[PDB]
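Numbering (PDB author numbering), first residue to last: -3 to -1, 1 to 111.
Okay, structure first, notes after.
Structure follows, in structure tokens:
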């Protein structure tokens, strides 16, 4: 909230970019994303599997399991992996907004450097 912070004292501090220390926003965004994505459907699962070109020969359980584990493991001590986080988030939103699914490689690289 604001009872323990301040806009004029928490807008920027040139903080470093560590990969071992967990961030409230990291676990918060990942938790929420996994909770909302946990209700994935055949349509969503298929959409993602198609965009990422992943093997959709499995089942809804396999797809949801892969994504869930990806985001869940994306925040592991000494094994950070935000790539899957942004990728999954984009996929979910895209399907939730009915947006086009561009190249997984191109898009990923764009969000990576961007």
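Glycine included, C-beta positions come from ideal geometry on N, C-alpha and C.
Using 8 Å for Cβ pairs, my map puts residue 50 next to residue 101. What's the rounded Cβ distance? 6 Å
Short Cβ contact (8 Å threshold) for residue 60 with residue 42: yes
Kindly indicate the opening and closing residues of the alpha helix (DSSP H) around residue 90. Going by DSSP, residue 90 is part of the alpha helix (DSSP H) stretching over 79 to 94.
Three-state secondary structure assigned by DSSP to residue 66: helix
Would you kindly check if the distance between the Cβ of residue 74 and the Cβ of residue 24 is under 8 Å? no
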